[PDB]
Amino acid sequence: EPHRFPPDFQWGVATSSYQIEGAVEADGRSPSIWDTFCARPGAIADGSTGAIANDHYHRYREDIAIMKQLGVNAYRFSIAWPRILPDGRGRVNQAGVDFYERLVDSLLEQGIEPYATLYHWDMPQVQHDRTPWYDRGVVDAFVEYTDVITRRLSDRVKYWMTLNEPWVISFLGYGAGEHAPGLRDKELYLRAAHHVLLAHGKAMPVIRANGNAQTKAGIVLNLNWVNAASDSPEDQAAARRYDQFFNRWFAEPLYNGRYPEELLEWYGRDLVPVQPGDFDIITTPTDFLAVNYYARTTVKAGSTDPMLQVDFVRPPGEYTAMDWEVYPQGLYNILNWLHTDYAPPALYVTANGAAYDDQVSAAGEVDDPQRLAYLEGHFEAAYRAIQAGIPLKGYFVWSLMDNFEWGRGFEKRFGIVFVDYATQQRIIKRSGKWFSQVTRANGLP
């Protein structure tokens, strides 16, 4: 009774432009908000930057050959706005566009389907200098970028994601000051959450317009399974407030043309710069919803978080090196909520994986039994999802290989493939050799 997935199921791995590329000055690429952010003392746990990362710019062919070994039929990557429009708007940089053409051409000729994320956090600094995410002019700036690169590649690229993890882009970048540009203000975060949604909305008909009937496009939300520490009244209020903050702040606008009522009031409705016609734009029909899932979050009333007044409770169980609770059930539940609340015609897991302190054995091998366990569990939760009649068409592991993990630097390795930063050597981990059996059996033995 082998648990096998639908025939045309998309098995993938996922990267982002700044996390893998390096060659940060190469071929007229301009500094991104992250290139400048990495300079800030205490911003990156290990004091590193994305200047070299995985050197995937000069080494993409090797990586595609490793992907062919992994046996995937799809690859999720982000395009770097800094390479395509270095000045933010205006002159297209052909050298920049040249790279993504060589990358997509290399992918298609190995029969790997490209999934192009338009924006994975790496705005050109010169552009941010004019239109931060909290300034409404960003919407036009993003759409122009989208138009350029979707004109160049939509012949060869059918699947487009608009923006990766609005909640991250807005709260981590402007809310908690933990990501580029690293500002920390309730209003700034909300304006940014709203202009990200608006930007996703206006970019949709520009993607379809540059494509054909075969063109498919959607947003990427990160969603956590939220849980109340107790069935008490003001704890269920903390969980509900935190669920609305993370999950429902982006979902509700996208499908029901509205922010959650309780949290919108809690904040002050005036802080959110909603102009007339915005909800028409944000609700623009999409082909799929893409989902990043990592962990469960159990919540009580408290003051750890000044803004939401919540504390986090850690239930007894399995934790990754990231201090993220391992809870595959969470993935089945998130998919099922989305299925029943919003009825998206397709779902994708565009990112799921786990960081563990890897070690190269004397044999030059990487034995990561804990990552292997993590992925099996979530693959299982994804299989149980399909058997309930949830239209999950694909699954991309985060990540193909160890990379720049943002504020945690190179210390947190997510790859099913090890990278020795000393030599740039790729070693397929045990979890990778196993993933190679899964993709080719199109299921779990």
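For every residue, the number given is its place in the sequence shown, counted from 1.
**OP:** Return whichever of 282 to 290 and 232 to 240 has the greater mean Cα B factor according to the PDB record.
**Re:** Going by the record's values, the stretch with the higher mean is 232 to 240.
Subject >> Between the two ranges 368 to 376 and 303 to 311, the one averaging a larger CA B factor in the entry >> reply: Between 303 to 311 and 368 to 376, it is 303 to 311.
**OP:** Between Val168, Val220, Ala193, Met322, let me know which has the highest C-alpha B-factor in the entry?
**Re:** Spelled out: the listed residue with the top C-alpha B-factor is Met322.
**OP:** Taking the values exactly as deposited, rank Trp266 by C-alpha B-factor within its chain and report the matching third: lowest, middle or highest.
**Re:** Its C-alpha B-factor, which the entry lists for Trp266, ranks in the highest third among residues of this chain.
**OP:** State the tercile, meaning the lowest, middle or highest third, of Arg248 with respect to the CA B-factors recorded for its chain.
**Re:** Tercile = middle for this residue's CA B-factor.
**OP:** Sort the modelled residues of this chain by their C-alpha B factor and say whether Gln425 lands in the lowest, middle or highest third.
**Re:** For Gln425, the deposited C-alpha B-factor lands in the highest third.
Original post:
Comparing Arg76 with the other modelled residues of its chain, is its CA B-factor in the lowest, middle or highest third?
Top reply: Its C-alpha B-factor belongs to the lowest third of this chain's values.
Original post:
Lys186's Cα B-factor: lowest, middle or highest third of the chain?
Top reply: Its C-alpha B-factor, which the entry lists for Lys186, ranks in the middle third among residues of this chain.
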